[PDB]
Each structure stands twice: as C-alpha cells, then as structure tokens.
Amino acid sequence: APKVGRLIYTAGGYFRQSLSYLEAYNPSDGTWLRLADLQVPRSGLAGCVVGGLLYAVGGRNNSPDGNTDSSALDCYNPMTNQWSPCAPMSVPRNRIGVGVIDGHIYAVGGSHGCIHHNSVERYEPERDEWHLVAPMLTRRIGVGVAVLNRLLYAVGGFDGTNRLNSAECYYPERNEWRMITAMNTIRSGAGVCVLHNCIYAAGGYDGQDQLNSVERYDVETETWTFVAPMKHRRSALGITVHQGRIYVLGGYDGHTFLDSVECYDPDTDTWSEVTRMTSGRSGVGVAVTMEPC
Ligand SMILES: Cc1ccc([C@@H](NC(=O)[C@@H](F)c2ccc3c(c2)CCCC3)[C@@H](C)C(=O)O)cc1
C-alpha cells in the first residue's frame with residue numbers, strides 16, 4: 001500500500017476571505033510546494049483522490065463581493081499542474097464532506113444558504129456524471145466523512161439547530177443509511193479519517209468551544225474511545241492519513257487561524273508538531289496523491 005513520492009495536498013481555505021491556494025507538503029523532507037491556484041476561491045470544501053487525480057468538491061466563495069455556495073467539482077492533475085472543471089453537483093454544498101468508494105466520489109450534506117442538506121450524491125469519473133443516492137437520516141453541515149471497508153461514514157456536524165454527536169453509516173449495496181453509536185463528544189467541523197479499523201474524529205466545535213480531544217470508533221466493537229488529545233484545539237481543520245499516521249492541518253480555535261500541523265502516531269498514542277503551513281487558514285480540503293512533475 002505505501003509508495004514513495006506521495007504528498008499531502010491542501011486546497012482552498014479561509015482567512016479574511018476564501019482562498020485559492022493549492023500547496024503540497026512532503027513529509028520526507030519537510031518542504032512545501034506552491035502549485036496552481038484554484039480557478040475559484042473556496043472554503044468549506046472537501047478534497048479527495050481518484051486514480052491519482054485530486055478533486056476539490058463544493059465549498060463557498062466568501063469574497064468582498066459576496067458569498068456564493070459552490071456546486072463545483074474540479075480536478076487537479078499533478079502530471080500537468082492544471083485544474084480542469086468537471087460536471088457540477090445537483091446542489092451547492094458548503095461545509096461538505098466527501099468519501100471515495102470503488103472509484104466513485106460521494107458528496108455528503110453541507111449547506112446552501114439557510115438550507116441544511118441531508119441529501120447525498122455520487123460522482124462517476126469515467127462518465128463525468130453525478131447521481132443522487134439515499135439521503136442521510138440527519139441533516140449535517142460541517143460533517144466529517146470517511147470510508148472504511150467500502151462503507152461510508154458521516155460523523156457529527158450541525159443540523160441548523162444543534163451541533164451533533166450522532167453518526168451514521170451508508171451501505172451501498174442497500175442504498176441505505178443507518179445510525180451508528182453516537183460519539184462521546186458533540187463535534188461540528190471535526191477532522192474525520194480512517195486509520196486501521198477505526199474512524200477517528202479529531203477536534204471540532206461543540207457549540208461553545210473548539211476541541212482538542214480526539215476519539216475513534218472501532219467498527220467491530222461499535223464503541224467510541226478517546227485517544228491522546230491534540231496539542232492545539234481546532235475546528236474546521238484539514239485531515240488526512242499518510243504512512244500510518246494522522247495529519248491535522250490548520251483550523252480555527254476561536255482566537256487564531258492556525259498554521260499548525262500535528263501528526264498522530266497510533267503505536268505510541270502521541271501527537272507531534274511536524275511543520276507549519278505557509279499561513280494560517282481554516283476550512284481546507286486535504287488529500288494525498290503522487291508528487292507533481
Ligand atoms: C468548514 C467548517 C465546518 C464546520 C463549521 C462549524 N463551526 C465551527 O466548527 C466553528 F468552530 C468555526 C469554524 C471556523 C470559523 C469560525 C467558527 C468563525 C470564524 C470563521 C472560521 C459550523 C457548522 C457550526 O457548527 O456552526 C465551520 C466551518
């Protein structure tokens with residue numbers, strides 16, 4: 001599964017306004033590469049990778065000239081350092097979560113103005129088409145999404161009235177969502193990823209405070225267990241997994257837009273500061289793929 005030359009890509013984000021940055025971190029030498037800007041600035045987007053291509057999904061352009069929720073899907077090819085537009089989603093989705101199953105991108109939840117989506121749709125890259133699938137049991141903006149064992153998990157978020165500790169799982173062969181065990185902590189805007197047999201939820205916002213706590217859901221035992229907390233509390237953070245470790249990037253803590261990047265080692269149950277982003281920002285999309293040419 002591991003291979004050389006993979007970078008952690010961070011796209012978009014927010015600081016004073018929505019951002020167009022695409023930057024890639026190399027854990028093997030600690031360097032950051034500045035790559036081609038997004039065609040449209042966006043925060044609250046999600047990033048994912050299919051077939052070596054990086055996709056930026058949804059979000060919102062918060063600019064001095066207005067606030068526009070995004071239905072856009074855009075594809076970055078590291079071999080060309082170019083972004084290419086794809087077919088748009090059926091609805092704008094800010095503060096979205098995405099997951100990849102069998103080469104298809106699932107776009108989950110998000111907001112459009114005051115509308116809080118429970119709807120979900122799936123993108124087929126070979127056909128460049130989106131199609132709706134079964135909606136979630138709960139409306140979720142700021143939802144964390146991860147895929148484990150070809151099952152799709154939607155974790156936490158905000159339904160428009162309450163931030164959520166609930167979570168649910170999508171079973172593709174049944175086109176059905178079912179609730180799973182609720183988290184120990186209410187979390188909107190948490191970083192959600194998969195490591196070994198567990199879904200991790202790191203940080204987020206409980207309606208009062210941004211969080212440094214981290215918990216993981218064992219899909220076998222169906223229990224949530226706290227692990228070591230991050231050094232810096234953060235919500236609306238970027239997250240990914242690389243070579244058996246969790247990386248959290250940026251976010252907002254109620255006082256600062258963080259540039260901090262922390263790395264979690266599950267064998268030692270410890271977080272370590274590895275690098276800083278070029279500037280502090282929240283609401284980024286993050287994914288791992290091969291380095292550009
Ligand atoms: C991508 C994303 C996901 C979830 C959120 C949630 N909010 C936070 O997580 C909150 F902690 C926060 C975070 C960033 C910022 C602020 C406040 C205020 C200043 C601007 C940046 C939203 C749904 C909520 O629960 O209301 C926001 C954004």
# chains A, B, ... in the order shown; residues from 1 in each chain; ligands from 1

$ residues_near_ligand --ligand "ligand 1" --cutoff "8 Å" --atoms "only C-alpha atoms and all ligand atoms" --output "PyMOL selection string"
chain A and resi 14-15+43-45+94-96+141-143+157-158+160+162-163+187-190+204-207+209-210+234-237+251-254+257+282-284

$ write_last_selection --atoms "N, CA, C and O atoms" --output "compact mmCIF listing (two decimals), in the first residue's frame"
# COMPACT_ATOMS: atom_id res chain seq x y z
N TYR A 14 -9.87 29.42 4.32
CA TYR A 14 -10.40 30.72 4.68
C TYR A 14 -9.43 31.46 5.59
O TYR A 14 -8.93 30.89 6.57
N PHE A 15 -9.15 32.71 5.25
CA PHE A 15 -8.51 33.67 6.15
C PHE A 15 -8.86 35.05 5.62
O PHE A 15 -8.35 35.45 4.57
N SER A 43 -13.73 28.03 0.47
CA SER A 43 -13.54 27.49 1.81
C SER A 43 -14.68 26.51 2.09
O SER A 43 -15.70 26.51 1.39
N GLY A 44 -14.50 25.68 3.11
CA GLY A 44 -15.53 24.70 3.41
C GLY A 44 -15.69 23.62 2.36
O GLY A 44 -16.75 22.99 2.29
N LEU A 45 -14.67 23.41 1.54
CA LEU A 45 -14.67 22.38 0.53
C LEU A 45 -14.09 21.09 1.10
O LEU A 45 -13.60 21.04 2.23
N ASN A 94 -21.78 23.83 0.81
CA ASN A 94 -20.72 24.39 1.63
C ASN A 94 -20.58 23.57 2.91
O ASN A 94 -21.56 23.00 3.41
N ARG A 95 -19.36 23.51 3.43
CA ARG A 95 -19.07 22.72 4.63
C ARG A 95 -19.46 21.25 4.42
O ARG A 95 -20.20 20.64 5.20
N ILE A 96 -18.94 20.70 3.33
CA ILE A 96 -19.29 19.40 2.81
C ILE A 96 -18.31 18.36 3.36
O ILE A 96 -17.22 18.69 3.83
N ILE A 141 -24.38 19.75 8.26
CA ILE A 141 -23.38 20.64 7.68
C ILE A 141 -22.15 20.60 8.58
O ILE A 141 -22.25 20.33 9.78
N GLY A 142 -20.98 20.85 7.99
CA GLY A 142 -19.75 20.66 8.75
C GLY A 142 -19.54 19.22 9.15
O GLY A 142 -19.02 18.93 10.23
N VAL A 143 -19.95 18.30 8.29
CA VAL A 143 -19.94 16.87 8.56
C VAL A 143 -18.58 16.30 8.18
O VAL A 143 -17.98 16.70 7.18
N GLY A 157 -21.45 17.10 12.91
CA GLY A 157 -21.94 18.20 12.11
C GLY A 157 -22.91 19.08 12.87
O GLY A 157 -22.97 19.09 14.10
N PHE A 158 -23.70 19.82 12.10
CA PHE A 158 -24.65 20.80 12.61
C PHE A 158 -25.91 20.68 11.76
O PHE A 158 -25.83 20.69 10.53
N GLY A 160 -28.50 22.80 11.88
CA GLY A 160 -29.16 24.08 11.85
C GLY A 160 -29.65 24.56 13.20
O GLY A 160 -29.81 25.77 13.39
N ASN A 162 -28.82 22.27 16.41
CA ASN A 162 -27.89 21.69 17.37
C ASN A 162 -26.68 21.12 16.65
O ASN A 162 -26.81 20.55 15.56
N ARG A 163 -25.51 21.29 17.25
CA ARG A 163 -24.36 20.51 16.84
C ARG A 163 -24.54 19.07 17.32
O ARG A 163 -25.21 18.81 18.32
N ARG A 187 -19.55 17.23 18.05
CA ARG A 187 -18.49 17.75 17.18
C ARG A 187 -19.06 18.20 15.85
O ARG A 187 -19.57 17.39 15.08
N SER A 188 -18.97 19.50 15.59
CA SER A 188 -19.18 20.06 14.27
C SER A 188 -17.82 20.50 13.74
O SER A 188 -17.00 21.03 14.49
N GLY A 189 -17.57 20.25 12.46
CA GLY A 189 -16.31 20.66 11.87
C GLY A 189 -15.11 19.87 12.36
O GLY A 189 -13.99 20.40 12.36
N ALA A 190 -15.31 18.63 12.78
CA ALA A 190 -14.20 17.79 13.18
C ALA A 190 -13.46 17.27 11.95
O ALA A 190 -14.01 17.18 10.85
N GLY A 204 -12.98 19.82 16.40
CA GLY A 204 -14.32 20.24 16.10
C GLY A 204 -14.83 21.27 17.09
O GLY A 204 -14.07 21.88 17.85
N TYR A 205 -16.15 21.45 17.08
CA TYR A 205 -16.80 22.53 17.81
C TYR A 205 -18.08 21.97 18.41
O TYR A 205 -18.90 21.38 17.70
N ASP A 206 -18.25 22.14 19.72
CA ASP A 206 -19.40 21.59 20.43
C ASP A 206 -20.51 22.60 20.65
O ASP A 206 -21.42 22.35 21.45
N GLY A 207 -20.46 23.75 19.97
CA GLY A 207 -21.40 24.82 20.19
C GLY A 207 -20.93 25.87 21.17
O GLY A 207 -21.56 26.94 21.25
N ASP A 209 -17.09 25.64 22.55
CA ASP A 209 -15.64 25.65 22.49
C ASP A 209 -15.15 24.81 21.32
O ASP A 209 -15.77 23.81 20.95
N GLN A 210 -14.04 25.23 20.74
CA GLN A 210 -13.28 24.37 19.85
C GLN A 210 -12.51 23.35 20.68
O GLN A 210 -12.08 23.64 21.80
N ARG A 234 -8.83 22.90 17.79
CA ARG A 234 -9.07 23.38 16.44
C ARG A 234 -10.37 22.81 15.90
O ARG A 234 -10.72 21.67 16.20
N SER A 235 -11.07 23.62 15.12
CA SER A 235 -12.23 23.17 14.36
C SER A 235 -12.05 23.62 12.92
O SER A 235 -11.20 24.46 12.61
N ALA A 236 -12.86 23.05 12.03
CA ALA A 236 -12.74 23.32 10.59
C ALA A 236 -11.32 23.05 10.11
O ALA A 236 -10.73 23.84 9.37
N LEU A 237 -10.75 21.94 10.57
CA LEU A 237 -9.39 21.57 10.25
C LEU A 237 -9.37 20.64 9.04
O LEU A 237 -10.35 19.98 8.71
N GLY A 251 -7.06 25.13 10.83
CA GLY A 251 -8.30 25.23 11.56
C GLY A 251 -8.44 26.56 12.27
O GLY A 251 -7.66 27.50 12.08
N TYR A 252 -9.47 26.64 13.11
CA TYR A 252 -9.80 27.84 13.87
C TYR A 252 -10.07 27.45 15.31
O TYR A 252 -10.75 26.44 15.57
N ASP A 253 -9.55 28.23 16.25
CA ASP A 253 -9.66 27.91 17.67
C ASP A 253 -10.42 28.97 18.47
O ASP A 253 -10.34 28.98 19.70
N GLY A 254 -11.16 29.85 17.79
CA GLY A 254 -11.84 30.93 18.46
C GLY A 254 -11.02 32.19 18.65
O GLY A 254 -11.58 33.23 19.01
N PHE A 257 -6.45 31.74 13.34
CA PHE A 257 -6.47 30.78 12.24
C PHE A 257 -5.12 30.08 12.24
O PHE A 257 -4.08 30.70 12.01
N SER A 282 -8.45 28.10 7.76
CA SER A 282 -9.42 27.09 8.16
C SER A 282 -10.21 26.63 6.94
O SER A 282 -10.15 27.22 5.87
N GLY A 283 -10.96 25.54 7.12
CA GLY A 283 -11.88 25.09 6.08
C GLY A 283 -11.22 24.64 4.80
O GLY A 283 -11.73 24.91 3.71
N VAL A 284 -10.09 23.94 4.91
CA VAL A 284 -9.36 23.46 3.74
C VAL A 284 -9.86 22.08 3.34
O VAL A 284 -10.50 21.37 4.12

$ atom_distance --atom1 "atom CA of residue 192 of chain A" --atom2 "atom CA of residue 32 of chain A"
23.2 Å

$ residues_around --residues "residue 86 of chain A" --least-positions-apart "2" --cutoff "8 Å" --atoms "only C-alpha atoms" --output "mmCIF file with C-alpha atoms, in the first residue's frame"
data_model
loop_
_atom_site.group_PDB
_atom_site.id
_atom_site.type_symbol
_atom_site.label_atom_id
_atom_site.label_comp_id
_atom_site.auth_asym_id
_atom_site.auth_seq_id
_atom_site.Cartn_x
_atom_site.Cartn_y
_atom_site.Cartn_z
ATOM 1 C CA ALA A 72 -18.397 22.824 -8.361
ATOM 2 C CA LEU A 73 -16.235 19.762 -8.868
ATOM 3 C CA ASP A 74 -12.719 20.487 -10.098
ATOM 4 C CA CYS A 75 -9.888 18.101 -10.893
ATOM 5 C CA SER A 84 -9.957 21.137 -15.019
ATOM 6 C CA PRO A 88 -21.206 20.131 -11.075
ATOM 7 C CA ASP A 128 -18.499 12.629 -15.670
#

$ closest_residue --among "A:134, A:24, A:258, A:179" --to "residue 108 of chain A" --atoms "only C-alpha atoms"
A:134

$ select_by_dssp --residues "segment 133-236 of chain A" --states "strand (DSSP E or B)" --output "MDAnalysis selection string"
chainID A and resid 133 141 144:148 151:158 163:171 176:180 188 191:195 198:202 205 210 214:218 223:227 235

$ closest_residue --among "A:199, A:288, A:241, A:40" --to "residue 221 of chain A" --atoms "only C-alpha atoms"
A:199

$ closest_residue --among "A:185, A:243, A:213, A:10" --to "residue 271 of chain A" --atoms "only C-alpha atoms"
A:213

$ residues_around --residues "residue 121 of chain A" --least-positions-apart "5" --cutoff "8 Å" --atoms "only C-alpha atoms" --output "ChimeraX atom specification"
/A:89-90,106-108,130-133

$ write_last_selection --atoms "N, CA and C atoms" --output "PDB file, in the first residue's frame"
ATOM      1  N   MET A  89     -22.227  19.334  -9.056  1.00  0.00           N
ATOM      2  CA  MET A  89     -23.222  18.643  -8.255  1.00  0.00           C
ATOM      3  C   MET A  89     -24.610  19.233  -8.503  1.00  0.00           C
ATOM      4  N   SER A  90     -25.628  18.497  -8.051  1.00  0.00           N
ATOM      5  CA  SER A  90     -27.011  18.917  -8.249  1.00  0.00           C
ATOM      6  C   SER A  90     -27.375  20.138  -7.418  1.00  0.00           C
ATOM      7  N   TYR A 106     -18.516  10.308  -3.208  1.00  0.00           N
ATOM      8  CA  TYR A 106     -19.772  10.613  -2.535  1.00  0.00           C
ATOM      9  C   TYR A 106     -19.668  11.991  -1.898  1.00  0.00           C
ATOM     10  N   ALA A 107     -20.595  12.875  -2.250  1.00  0.00           N
ATOM     11  CA  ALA A 107     -20.690  14.204  -1.661  1.00  0.00           C
ATOM     12  C   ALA A 107     -21.841  14.204  -0.666  1.00  0.00           C
ATOM     13  N   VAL A 108     -21.553  14.599   0.572  1.00  0.00           N
ATOM     14  CA  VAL A 108     -22.436  14.355   1.706  1.00  0.00           C
ATOM     15  C   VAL A 108     -22.797  15.678   2.371  1.00  0.00           C
ATOM     16  N   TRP A 130     -23.017  13.054 -12.051  1.00  0.00           N
ATOM     17  CA  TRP A 130     -23.483  12.932 -10.680  1.00  0.00           C
ATOM     18  C   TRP A 130     -24.880  12.327 -10.669  1.00  0.00           C
ATOM     19  N   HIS A 131     -25.160  11.536  -9.636  1.00  0.00           N
ATOM     20  CA  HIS A 131     -26.488  10.978  -9.427  1.00  0.00           C
ATOM     21  C   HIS A 131     -26.786  10.948  -7.936  1.00  0.00           C
ATOM     22  N   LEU A 132     -28.035  11.233  -7.581  1.00  0.00           N
ATOM     23  CA  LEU A 132     -28.423  11.217  -6.179  1.00  0.00           C
ATOM     24  C   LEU A 132     -28.472   9.786  -5.658  1.00  0.00           C
ATOM     25  N   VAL A 133     -28.125   9.628  -4.384  1.00  0.00           N
ATOM     26  CA  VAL A 133     -28.333   8.364  -3.687  1.00  0.00           C
ATOM     27  C   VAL A 133     -29.207   8.646  -2.474  1.00  0.00           C
TER      28      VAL A 133
END

$ residues_around --residues "residue 112 of chain A" --least-positions-apart "4" --cutoff "7 Å" --atoms "only C-alpha atoms" --output "PDB file with N, CA, C and O atoms, in the first residue's frame"
ATOM      1  N   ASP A  69     -22.255  29.875  -2.442  1.00  0.00           N
ATOM      2  CA  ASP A  69     -22.064  28.451  -2.203  1.00  0.00           C
ATOM      3  C   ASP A  69     -21.765  27.743  -3.516  1.00  0.00           C
ATOM      4  O   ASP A  69     -22.301  28.100  -4.568  1.00  0.00           O
ATOM      5  N   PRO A  92     -25.570  23.342  -4.541  1.00  0.00           N
ATOM      6  CA  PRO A  92     -24.384  23.845  -3.837  1.00  0.00           C
ATOM      7  C   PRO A  92     -24.273  23.205  -2.460  1.00  0.00           C
ATOM      8  O   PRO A  92     -25.278  22.963  -1.787  1.00  0.00           O
ATOM      9  N   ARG A  93     -23.035  22.922  -2.044  1.00  0.00           N
ATOM     10  CA  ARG A  93     -22.775  22.268  -0.757  1.00  0.00           C
ATOM     11  C   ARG A  93     -21.548  22.903  -0.110  1.00  0.00           C
ATOM     12  O   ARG A  93     -20.413  22.532  -0.427  1.00  0.00           O
ATOM     13  N   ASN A  94     -21.779  23.830   0.813  1.00  0.00           N
ATOM     14  CA  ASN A  94     -20.719  24.394   1.633  1.00  0.00           C
ATOM     15  C   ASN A  94     -20.580  23.568   2.907  1.00  0.00           C
ATOM     16  O   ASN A  94     -21.555  23.004   3.408  1.00  0.00           O
ATOM     17  N   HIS A 116     -29.991  23.178   5.218  1.00  0.00           N
ATOM     18  CA  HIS A 116     -29.058  22.186   5.741  1.00  0.00           C
ATOM     19  C   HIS A 116     -29.373  20.857   5.069  1.00  0.00           C
ATOM     20  O   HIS A 116     -30.450  20.289   5.280  1.00  0.00           O
TER      21      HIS A 116
END

$ atom_distance --atom1 "atom CA of residue 61 of chain A" --atom2 "atom CA of residue 256 of chain A"
20.4 Å

$ closest_residue --among "A:255, A:231, A:139, A:152" --to "residue 274 of chain A" --atoms "only C-alpha atoms"
A:231

$ closest_residue --among "A:60, A:39, A:78, A:239" --to "residue 5 of chain A" --atoms "only C-alpha atoms"
A:78

$ closest_residue --among "A:85, A:103, A:109, A:27" --to "residue 50 of chain A" --atoms "only C-alpha atoms"
A:103

$ residues_around --residues "residue 137 of chain A" --least-positions-apart "3" --cutoff "12 Å" --atoms "only C-alpha atoms" --output "PyMOL selection string"
chain A and resi 108-109+117-120+134+140+154-155+159+166-170+176-180

$ write_last_selection --atoms "N, CA, C and O atoms" --output "PDB file, in the first residue's frame"
ATOM      1  N   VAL A 108     -21.553  14.599   0.572  1.00  0.00           N
ATOM      2  CA  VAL A 108     -22.436  14.355   1.706  1.00  0.00           C
ATOM      3  C   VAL A 108     -22.797  15.678   2.371  1.00  0.00           C
ATOM      4  O   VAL A 108     -21.911  16.420   2.812  1.00  0.00           O
ATOM      5  N   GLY A 109     -24.095  15.963   2.454  1.00  0.00           N
ATOM      6  CA  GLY A 109     -24.562  17.033   3.325  1.00  0.00           C
ATOM      7  C   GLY A 109     -24.121  18.413   2.868  1.00  0.00           C
ATOM      8  O   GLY A 109     -24.080  18.725   1.673  1.00  0.00           O
ATOM      9  N   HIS A 117     -28.442  20.369   4.252  1.00  0.00           N
ATOM     10  CA  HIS A 117     -28.698  19.191   3.434  1.00  0.00           C
ATOM     11  C   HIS A 117     -28.584  17.916   4.256  1.00  0.00           C
ATOM     12  O   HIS A 117     -27.648  17.746   5.043  1.00  0.00           O
ATOM     13  N   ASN A 118     -29.534  17.007   4.051  1.00  0.00           N
ATOM     14  CA  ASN A 118     -29.289  15.597   4.316  1.00  0.00           C
ATOM     15  C   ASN A 118     -29.041  14.805   3.040  1.00  0.00           C
ATOM     16  O   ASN A 118     -28.701  13.620   3.118  1.00  0.00           O
ATOM     17  N   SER A 119     -29.175  15.437   1.875  1.00  0.00           N
ATOM     18  CA  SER A 119     -29.017  14.739   0.612  1.00  0.00           C
ATOM     19  C   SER A 119     -27.559  14.354   0.372  1.00  0.00           C
ATOM     20  O   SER A 119     -26.623  14.946   0.923  1.00  0.00           O
ATOM     21  N   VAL A 120     -27.387  13.332  -0.464  1.00  0.00           N
ATOM     22  CA  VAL A 120     -26.090  12.763  -0.809  1.00  0.00           C
ATOM     23  C   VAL A 120     -26.115  12.448  -2.297  1.00  0.00           C
ATOM     24  O   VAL A 120     -27.146  12.025  -2.830  1.00  0.00           O
ATOM     25  N   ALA A 134     -29.396   7.648  -1.620  1.00  0.00           N
ATOM     26  CA  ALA A 134     -30.299   7.812  -0.491  1.00  0.00           C
ATOM     27  C   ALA A 134     -29.809   8.938   0.415  1.00  0.00           C
ATOM     28  O   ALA A 134     -28.605   9.055   0.668  1.00  0.00           O
ATOM     29  N   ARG A 140     -26.837  17.450   8.009  1.00  0.00           N
ATOM     30  CA  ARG A 140     -25.500  17.624   8.576  1.00  0.00           C
ATOM     31  C   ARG A 140     -24.707  18.590   7.710  1.00  0.00           C
ATOM     32  O   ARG A 140     -24.379  18.270   6.564  1.00  0.00           O
ATOM     33  N   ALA A 154     -20.720   9.187   8.034  1.00  0.00           N
ATOM     34  CA  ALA A 154     -20.947  10.617   8.209  1.00  0.00           C
ATOM     35  C   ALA A 154     -21.011  10.884   9.704  1.00  0.00           C
ATOM     36  O   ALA A 154     -21.834  10.288  10.407  1.00  0.00           O
ATOM     37  N   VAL A 155     -20.147  11.774  10.186  1.00  0.00           N
ATOM     38  CA  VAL A 155     -19.855  11.898  11.610  1.00  0.00           C
ATOM     39  C   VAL A 155     -20.081  13.339  12.049  1.00  0.00           C
ATOM     40  O   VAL A 155     -19.448  14.261  11.520  1.00  0.00           O
ATOM     41  N   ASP A 159     -27.066  20.540  12.412  1.00  0.00           N
ATOM     42  CA  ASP A 159     -28.326  20.367  11.698  1.00  0.00           C
ATOM     43  C   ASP A 159     -29.093  21.670  11.515  1.00  0.00           C
ATOM     44  O   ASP A 159     -30.236  21.644  11.047  1.00  0.00           O
ATOM     45  N   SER A 166     -24.047  12.584  16.914  1.00  0.00           N
ATOM     46  CA  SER A 166     -24.511  11.392  16.229  1.00  0.00           C
ATOM     47  C   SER A 166     -23.664  11.119  14.991  1.00  0.00           C
ATOM     48  O   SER A 166     -22.941  11.986  14.490  1.00  0.00           O
ATOM     49  N   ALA A 167     -23.771   9.888  14.497  1.00  0.00           N
ATOM     50  CA  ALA A 167     -23.060   9.462  13.304  1.00  0.00           C
ATOM     51  C   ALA A 167     -23.864   8.358  12.635  1.00  0.00           C
ATOM     52  O   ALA A 167     -24.668   7.675  13.273  1.00  0.00           O
ATOM     53  N   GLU A 168     -23.645   8.194  11.332  1.00  0.00           N
ATOM     54  CA  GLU A 168     -24.394   7.203  10.577  1.00  0.00           C
ATOM     55  C   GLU A 168     -23.527   6.622   9.472  1.00  0.00           C
ATOM     56  O   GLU A 168     -22.511   7.200   9.075  1.00  0.00           O
ATOM     57  N   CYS A 169     -23.954   5.469   8.973  1.00  0.00           N
ATOM     58  CA  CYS A 169     -23.190   4.700   8.008  1.00  0.00           C
ATOM     59  C   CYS A 169     -24.061   4.390   6.801  1.00  0.00           C
ATOM     60  O   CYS A 169     -25.237   4.044   6.944  1.00  0.00           O
ATOM     61  N   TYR A 170     -23.472   4.518   5.616  1.00  0.00           N
ATOM     62  CA  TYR A 170     -24.143   4.229   4.357  1.00  0.00           C
ATOM     63  C   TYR A 170     -23.652   2.892   3.821  1.00  0.00           C
ATOM     64  O   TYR A 170     -22.442   2.668   3.703  1.00  0.00           O
ATOM     65  N   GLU A 176     -28.776   2.546   1.717  1.00  0.00           N
ATOM     66  CA  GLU A 176     -29.455   2.769   2.982  1.00  0.00           C
ATOM     67  C   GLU A 176     -28.475   3.333   3.998  1.00  0.00           C
ATOM     68  O   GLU A 176     -27.316   2.910   4.058  1.00  0.00           O
ATOM     69  N   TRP A 177     -28.950   4.289   4.791  1.00  0.00           N
ATOM     70  CA  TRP A 177     -28.210   4.828   5.921  1.00  0.00           C
ATOM     71  C   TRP A 177     -28.769   4.250   7.214  1.00  0.00           C
ATOM     72  O   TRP A 177     -29.983   4.072   7.354  1.00  0.00           O
ATOM     73  N   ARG A 178     -27.875   3.956   8.156  1.00  0.00           N
ATOM     74  CA  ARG A 178     -28.257   3.515   9.489  1.00  0.00           C
ATOM     75  C   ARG A 178     -27.409   4.258  10.508  1.00  0.00           C
ATOM     76  O   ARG A 178     -26.218   4.490  10.282  1.00  0.00           O
ATOM     77  N   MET A 179     -28.023   4.630  11.627  1.00  0.00           N
ATOM     78  CA  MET A 179     -27.276   5.281  12.693  1.00  0.00           C
ATOM     79  C   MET A 179     -26.281   4.303  13.303  1.00  0.00           C
ATOM     80  O   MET A 179     -26.556   3.106  13.425  1.00  0.00           O
ATOM     81  N   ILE A 180     -25.112   4.817  13.677  1.00  0.00           N
ATOM     82  CA  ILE A 180     -24.168   4.043  14.475  1.00  0.00           C
ATOM     83  C   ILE A 180     -24.131   4.631  15.877  1.00  0.00           C
ATOM     84  O   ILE A 180     -24.834   5.604  16.169  1.00  0.00           O
TER      85      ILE A 180
END

$ decode --residues "segment 230-283 of chain A" --atoms "C-alpha atoms" --output "mmCIF file, in the first residue's frame"
data_model
loop_
_atom_site.group_PDB
_atom_site.id
_atom_site.type_symbol
_atom_site.label_atom_id
_atom_site.label_comp_id
_atom_site.auth_asym_id
_atom_site.auth_seq_id
_atom_site.Cartn_x
_atom_site.Cartn_y
_atom_site.Cartn_z
ATOM 1 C CA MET A 230 -4.081 17.175 20.023
ATOM 2 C CA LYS A 231 -1.746 19.837 21.364
ATOM 3 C CA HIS A 232 -3.843 22.640 19.830
ATOM 4 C CA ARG A 233 -7.629 22.819 19.885
ATOM 5 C CA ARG A 234 -9.068 23.382 16.438
ATOM 6 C CA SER A 235 -12.228 23.171 14.360
ATOM 7 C CA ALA A 236 -12.742 23.315 10.592
ATOM 8 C CA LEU A 237 -9.390 21.567 10.252
ATOM 9 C CA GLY A 238 -7.953 19.596 7.382
ATOM 10 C CA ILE A 239 -7.094 15.952 7.970
ATOM 11 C CA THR A 240 -5.546 13.023 6.140
ATOM 12 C CA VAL A 241 -3.673 9.781 6.741
ATOM 13 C CA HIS A 242 -0.198 9.097 5.384
ATOM 14 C CA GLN A 243 2.039 6.092 6.103
ATOM 15 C CA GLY A 244 0.066 5.001 9.146
ATOM 16 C CA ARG A 245 -0.182 8.425 10.807
ATOM 17 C CA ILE A 246 -2.905 11.068 11.041
ATOM 18 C CA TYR A 247 -2.059 14.627 9.985
ATOM 19 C CA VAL A 248 -4.236 17.563 11.059
ATOM 20 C CA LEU A 249 -3.760 20.892 9.279
ATOM 21 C CA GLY A 250 -4.844 24.364 10.310
ATOM 22 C CA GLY A 251 -8.303 25.231 11.559
ATOM 23 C CA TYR A 252 -9.802 27.836 13.867
ATOM 24 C CA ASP A 253 -9.663 27.906 17.671
ATOM 25 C CA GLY A 254 -11.843 30.934 18.456
ATOM 26 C CA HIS A 255 -8.801 33.249 18.583
ATOM 27 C CA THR A 256 -6.476 32.424 15.656
ATOM 28 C CA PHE A 257 -6.468 30.784 12.243
ATOM 29 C CA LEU A 258 -3.916 28.048 12.818
ATOM 30 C CA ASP A 259 -0.923 27.225 10.657
ATOM 31 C CA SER A 260 -0.026 24.302 12.936
ATOM 32 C CA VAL A 261 0.241 20.775 11.543
ATOM 33 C CA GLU A 262 0.236 17.900 14.040
ATOM 34 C CA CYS A 263 0.895 14.208 13.421
ATOM 35 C CA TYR A 264 -0.591 11.315 15.413
ATOM 36 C CA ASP A 265 1.273 8.023 15.846
ATOM 37 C CA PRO A 266 -1.210 5.301 16.904
ATOM 38 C CA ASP A 267 1.508 2.930 18.145
ATOM 39 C CA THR A 268 2.728 5.474 20.717
ATOM 40 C CA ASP A 269 -0.591 7.355 21.126
ATOM 41 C CA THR A 270 1.243 10.677 20.804
ATOM 42 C CA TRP A 271 0.830 13.839 18.741
ATOM 43 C CA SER A 272 3.862 15.697 17.395
ATOM 44 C CA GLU A 273 4.234 19.048 15.647
ATOM 45 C CA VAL A 274 5.762 18.344 12.230
ATOM 46 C CA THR A 275 5.567 21.612 10.268
ATOM 47 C CA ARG A 276 3.618 24.822 9.797
ATOM 48 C CA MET A 277 1.538 25.780 6.797
ATOM 49 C CA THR A 278 2.693 28.824 4.848
ATOM 50 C CA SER A 279 -0.129 30.802 6.500
ATOM 51 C CA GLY A 280 -2.949 30.114 8.928
ATOM 52 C CA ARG A 281 -6.288 29.108 7.436
ATOM 53 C CA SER A 282 -9.422 27.086 8.161
ATOM 54 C CA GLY A 283 -11.879 25.092 6.084
#
